[PDB]
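Chain A is the first sequence line, chain B the second, and so forth, proteins listed ahead of strands; every chain is numbered from 1.
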Amino acid sequence: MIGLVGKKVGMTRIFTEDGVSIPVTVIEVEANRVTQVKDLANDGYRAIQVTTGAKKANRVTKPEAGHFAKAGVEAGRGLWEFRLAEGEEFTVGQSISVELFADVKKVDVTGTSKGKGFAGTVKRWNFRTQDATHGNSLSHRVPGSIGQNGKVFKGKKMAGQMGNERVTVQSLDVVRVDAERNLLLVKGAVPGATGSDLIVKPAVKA
Amino acid sequence: XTXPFXX
RNA sequence: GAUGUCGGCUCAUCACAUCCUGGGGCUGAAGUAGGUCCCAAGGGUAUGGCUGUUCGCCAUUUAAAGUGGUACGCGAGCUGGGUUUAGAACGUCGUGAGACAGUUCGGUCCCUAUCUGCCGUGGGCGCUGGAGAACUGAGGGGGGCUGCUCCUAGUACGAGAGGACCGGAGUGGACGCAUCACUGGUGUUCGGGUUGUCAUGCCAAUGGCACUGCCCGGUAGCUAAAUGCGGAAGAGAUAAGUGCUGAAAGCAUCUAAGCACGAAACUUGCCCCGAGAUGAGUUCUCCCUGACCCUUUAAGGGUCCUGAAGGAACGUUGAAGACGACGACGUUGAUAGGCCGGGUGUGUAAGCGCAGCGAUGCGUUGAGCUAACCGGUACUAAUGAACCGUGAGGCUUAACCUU
RNA sequence: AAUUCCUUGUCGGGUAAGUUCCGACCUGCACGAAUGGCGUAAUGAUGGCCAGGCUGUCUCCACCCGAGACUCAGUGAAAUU
RNA sequence: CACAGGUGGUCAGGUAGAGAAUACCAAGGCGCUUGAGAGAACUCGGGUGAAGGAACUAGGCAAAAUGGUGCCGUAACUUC
RNA sequence: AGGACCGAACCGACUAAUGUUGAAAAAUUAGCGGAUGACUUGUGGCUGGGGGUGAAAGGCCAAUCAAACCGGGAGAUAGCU
Ligand SMILES: CC1=C\[C@@H](O)C[C@@H](F)Cc2nc(co2)C(=O)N2CCC[C@@H]2C(=O)O[C@H]([C@H](C)COC(=O)Nc2cc3ccccc3cn2)[C@H](C)/C=C/C(=O)NC\C=C\1
């Protein structure tokens with residue numbers, strides 16, 4: 001079904017009674033409020049537009065204010081959408097809590113990967129570095145051949161921007177749900193740095 | 001002359 | 001009036017006459033395991049010893065270590081052992097100079113990328129009033145490997161030996177994505193020890209230089225050897241193949257009419273880009289509701305008033321970044337630095353006192369110092385303005401207002 | 001064999017595995033006695049081979065300090081066409 | 001070329017040291033005639049490294065390692 | 001005592017990397033060799049082109065050597081571009 005939007009607080013460890021440590025990624029899923037419900041008559045598809053967090057009134061523009069005022073909800077730090085599973089129904093202003101993940105048992109987290117900037121072929125594509133000696137001349141960490149005896153095919157593994165892109169990790173175990181604190185503990189590491197936004201949805205693989 | 005250019 | 005070369009390194013890509021995995025027919029196929037042929041190119045497809053080698057032999061693995069094309073792929077990408085100069089010997093031929101697909105030792109591989117192409121990243125205009133956001137997904141990429149063990153079952157099979165299909169569960173290798181909580185690396189911006197020397201007047205205490213002077217530790221960050229996830233199931237249409245019913249041909253016949261199964265291929269399902277998809281889309285919201293004149297009178301031109309939504313610029317900046325860009329903040333303010341507190345690391349400072357002839361030790365004292373971290377704090381800097389962007393948004397037609 | 005085409009000759013040793021190396025056999029394609037033959041301590045920036053130690057040479061790269069590359073201002077080339 | 005080159009002779013301080021080596025200094029003389037900033041790939045010149053330790057490769061190329069004084073002790077072979 | 005040993009100056013140039021329109025028309029950096037001698041070096045002098053010199057490489061003789069450079073024969077000749 002639909003998911004929820006949160007923030008990456010950081011990672012810690014959870015101790016069990018049997019003597020096991022579970023690497024968890026803490027996620028602060030505050031009350032997500034709906035700002036727009038889309039249908040097939042006006043939009044062509046069924047979905048909801050939600051927001052979370054808060055924002056400066058002196059920095060929220062009037063176009064955005066009118067979008068929040070129409071739904072009777074406070075402005076947030078962004079807007080995200082989720083598709084409905086042909087049986088779900090929501091209403092504008094409805095605030096969704098982390099309790100939605102109380103019986104899912106698994107979720108697929110999505111976030112913006114960290115930014116490595118301009119990367120090489122050894123780091124980006126795990127290319128094999130050439131010989132550091134034995135005669136190598138200025139060709140220690142270079143790609144080498146990029147074709148044949150007259151064009152470089154499309155998709156050729158080269159250097160370029162690495163990171164700062166949308167990444168999704170699948171089939172993560174939900175270890176704990178604390179609605180009183182608006183938290184969510186998922187076993188394993190998720191994408192992005194501390195303070196980044198995370199989209200949490202139930203695992204679709206099942 | 002020396003083999004490869006220009007060894 | 002120059003198309004540089006064997007092999008190796010790196011990077012690959014296509015074909016199928018398929019090595020493994022997958023689906024089937026026959027079998028002199030009992031089972032296990034094999035033989036042969038048909039379909040199948042989605043993915044996967046060894047490390048080493050000797051040798052310049054490819055190849056090959058050998059050792060040890062693997063589900064398998066496929067065959068070929070790509071200037072016997074790839075030297076404006078590397079290498080230069082080999083080939084392929086001048087030097088020097090052996091053997092051999094030659095009176096000799098010298099020579100030999102005979103051997104042997106040694107022996108300069110340059111080029112700042114204009115265009116194409118490719119990997120990344122931006123500016124401009126356009127999408128027909130303008131602007132700020134969320135989306136639809138035409139289409140395009142990525143991913144698709146597999147072993148072992150257990151249950152099923154020591155059952156079926158088989159005289160025994162031996163030993164399953166189907167189906168299910170768990171655990172691994174290789175590859176890949178993300179991540180830094182753990183284990184660790186790095187940590188010339190933290191602390192300490194120590195050698196030689198110079199200086200701060202000197203003692204003491206410090207500092208500079210000697211690869212960070214040489215070393216032992218070590219925060220953050222980055223990071224793998226570290227720890228989490230992933231390959232799918234499912235669906236649709238099929239290949240070889242198996243079929244049902246069924247005539248032509250009173251039988252028979254999988255096919256001609258008709259109908260149903262059928263694989264890692266194909267189309268979807270998962271992940272990512274994505275309306276420059278000029279076929280330029282959809283949705284929500286916000287802003288502007290002036291006064292005239294000239295005129296070869298039109299999607300016309302100019303003047304005064306007006307300057308919105310919003311954007312840009314500037315500034316403090318970022319776990320964003322080559323530059324642009326993207327993100328946050330700008331006194332109605334925690335954006336950066338500083339300050340406070342804590343934490344972490346280093347390991348008991350300095351000074352004084354005590355014991356000792358002294359080097360030292362002890363006490364004050366787990367002291368002092370403490371970078372990037374955590375929580376707070378307007379002390380400093382982020383200035384009021386200005387600039388860009390306008391003034392209701394064409395014609396035709398149709399349906400509605402006035403169904 | 002600095003000489004052996006056949007040939008990675010054969011045997012042995014060394015290695016889990018040795019077309020090289022060391023030691024024997026002689027079947028010397030095509031050794032041979034001052035264009036010297038066989039040995040030889042010592043020497044060699046000499047050639048080949050095996051060990052100990054050592055290490056980023058490699059498995060497999062990771063981080064850091066600096067000089068360039070990148071941006072700004074100034075000066076301002078080149079082959080080629 | 002205001003060019004990382006080449007160019008004979010003389011003078012020869014201090015601490016450590018065997019020393020005209022080397023390190024730090026004196027007298028004295030210089031900072032090398034473009035700078036500012038950022039802190040990507042890649043290149044150059046360096047530092048460190050988990051476990052393994054030549055599996056690299058034509059070849060241990062390069063790098064790492066060894067490194068001084070004194071005493072003890074020291075093989076085959078040998079032209080002694 | 002020593003064409004003896006280790007090792008600076010000095011003289012050499014074995015390896016690697018860099019550089020290769022270089023800082024340099026052969027160098028730089030890290031190592032390496034000889035370092036009382038067949039050593040090295042300053043000044044001056046001698047040997048001249050089919051000749052010189054050469055511990056010999058076809059090596060050197062003014063960044064040029066299987067016959068230097070300048071000038072002349074000379075508008076050599078070129079059945080080739
Ligand atoms: C790159 C290039 C021009 C390009 O534009 C065009 C080229 F790429 C084309 C091509 N070249 C080759 C093949 O195709 C080729 O062989 N070479 C190129 C690199 C050097 C090498 C060469 O010539 O090496 C010989 C060497 C003795 C040859 O030895 C032989 O034994 N040759 C031979 C064998 C025969 C056998 C049978 C019948 C006839 C034969 C004739 N000759 C020597 C060193 C010459 C070197 C030289 O002149 N370098 C200059 C470079 C020129």
Side-chain angles (χ1 to χ4, degrees), chain A residues 8 10-14 21-26 35-39 41-45 47-51 56-71 77-81 83 92 106 108-173 186-197 203-206, chain B:
Chain A
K8 183 169 184 176
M11 310 178 64
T12 189
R13 71 221 82 153
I14 291 281
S21 192
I22 308 180
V24 301
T25 311
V26 183
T35 65
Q36 186 185 359
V37 178
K38 304 187 171 185
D39 51 69
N42 200 37
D43 296 70
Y45 72 105
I48 56 169
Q49 195 188 57
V50 311
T51 192
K56 292 174 156 45
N58 60 80
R59 199 166 277 277
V60 164
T61 71
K62 288 212 287 181
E64 301 175 10
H67 192 75
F68 298 124
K70 184 166 175 175
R77 59 171 138 97
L79 288 160
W80 304 260
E81 266 178 74
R83 304 287 285 272
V92 303
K106 266 202 177 186
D108 291 357
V109 186
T110 285
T112 311
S113 181
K114 277 183 160 179
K116 319 301 186 183
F118 206 105
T121 54
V122 184
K123 182 181 183 68
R124 194 183 181 194
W125 304 114
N126 292 126
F127 278 22
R128 284 145 69 163
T129 277
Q130 299 191 37
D131 266 28
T133 184
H134 287 290
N136 191 267
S137 298
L138 324 184
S139 300
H140 301 290
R141 299 172 113 258
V142 293
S145 175
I146 61 176
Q148 303 85 4
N149 221 310
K151 53 159 194 168
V152 188
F153 298 131
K154 220 146 214 303
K156 184 67 181 62
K157 284 174 177 169
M158 290 181 147
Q161 186 64 20
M162 187 187 183
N164 211 26
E165 63 186 353
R166 178 194 168 90
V167 177
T168 290
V169 188
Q170 287 184 319
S171 293
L172 291 193
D173 288 329
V186 300
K187 177 185 164 191
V190 317
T194 298
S196 63
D197 293 328
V204 73
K205 292 290 197 71
Chain B
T2 76
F5 184 83

### Message
Can you check the distance between C:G129 and C:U331, where both ends of the measurement are the P atom (answer in whole Å)?
### Response
37 Å

### D:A2 to D:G23 separation - P atoms, rounded to the nearest Å
9 Å

### Message
Over all strands shown, is A:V190 touching base, sugar-phosphate only, or nothing at heavy-atom distances under 4.0 angstrom?
### Response
sugar-phosphate

### Task
Could you tell me whether C:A131 and C:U85 make a Watson-Crick or G-U wobble pair, using a cut-off of under 3.5 Å for both distances?
no

### Query
If every non-hydrogen atom of A:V167 is compared with every non-hydrogen atom of A:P191, which pair is closest and at what distance?
O-CG, 3.7 Å

### Task
Syn or anti for C:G162, please, going by whether the chi angle lies within 90° of 0.
anti

### Summary
Scanning both residues in full, the closest heavy-atom pair of A:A159 with A:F118 reads CB-CE2, 3.8 Å

#### Entry: Chi class for E:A26: syn within 90° of 0, otherwise anti
anti

### Query
Can you name the closest pair of heavy atoms from A:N136 and A:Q130 and give their distance?
ND2-OE1, 3.4 Å

### Task
Determine the contact category for A:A159: base if any of its heavy atoms lies under 4.0 Å from a base atom, sugar-phosphate if only primed atoms, P, OP1 or OP2 are that close, otherwise nothing.
base

### Message
Categorize A:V24 for me: base, sugar-phosphate, or nothing, with a 4.0 angstrom heavy-atom threshold over every strand shown.
### Response
nothing

### Donor-acceptor pair under 3.5 Å, A:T133 side chain vs E:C61 base
yes

### Message
Quick check: any donor-acceptor pair below 3.5 Å linking the side-chain of A:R59 to the base of C:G330?
### Response
yes

### Query
Reckon A:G44 touches a base, only the sugar-phosphate, or nothing at all at heavy-atom distances under 4.0 Å?
nothing

### Message
What's the gap between D:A41 and D:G14 when it is taken at their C1' atoms, as a whole Å value?
### Response
28 Å

#### Entry: Heavy-atom donor-acceptor pair, A:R124 side chain to A:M158 backbone, under 3.5 Å
yes

### Message
Using a 3.5 Å limit on both distances, is E:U43 in a Watson-Crick or G-U wobble pair with D:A67?
### Response
yes

### Summary
Closest heavy-atom pair, A:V24 versus A:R13, reported as atoms and distance to 0.1 Å, is CG2-N, 4.3 Å

### Query
Hey, does A:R77 reach any base, or is it just sugar-phosphate, or nothing, if we go heavy atoms under 4.0 Å?
nothing

### Query
Base, sugar-phosphate, or nothing for A:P191, non-hydrogen atoms under 4.0 angstrom?
sugar-phosphate

### Message
Both donor-acceptor distances under 3.5 Å, either Watson-Crick or G-U wobble. Does C:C148 meet that with C:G170?
### Response
yes

### Query
Checking all strands, does A:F68 fall into the base, sugar-phosphate, or nothing category for heavy-atom contacts under 4.0 angstrom?
nothing

### Query
Hey, is the side chain of A:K123 poking within less than 4.0 Å of OP1 or OP2 on C:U223, counting only N and O atoms?
yes

### Task
Have a look at A:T194 and say if it touches a base, only the backbone sugar-phosphate, or nothing, with a 4.0 Å heavy-atom cut-off.
base

### Query
So, is F:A30 syn or anti if syn means the angle is within 90° of 0?
anti

### Query
Are C:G358 and C:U242 base-paired in the Watson-Crick or G-U wobble sense, both distances less than 3.5 Å?
no

#### Entry: Two-distance pair criterion under 3.5 Å, Watson-Crick or G-U, for C:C58 and C:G48
yes

### Task
Report yes if a donor N or O on one partner sits less than 3.5 Å from an acceptor N or O on the other, where the partners are the side chain of A:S145 and the base of C:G73; otherwise report no.
yes

### Task
Flag as yes if A:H134 stacks onto the base of E:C61 (centroids under 5.5 Å, planes under 30°), otherwise no.
yes

### Message
Tell me if D:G53 is syn or anti. Syn = glycosidic torsion within 90° of 0, anti otherwise.
### Response
anti

### Task
Give a yes/no on whether any side-chain N or O of A:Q161 is located under 4.0 angstrom from OP1 or OP2 of C:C119.
no

### Query
Is A:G144 touching bases, backbone alone, or none of the nucleic acid, heavy atoms closer than 4.0 Å?
base

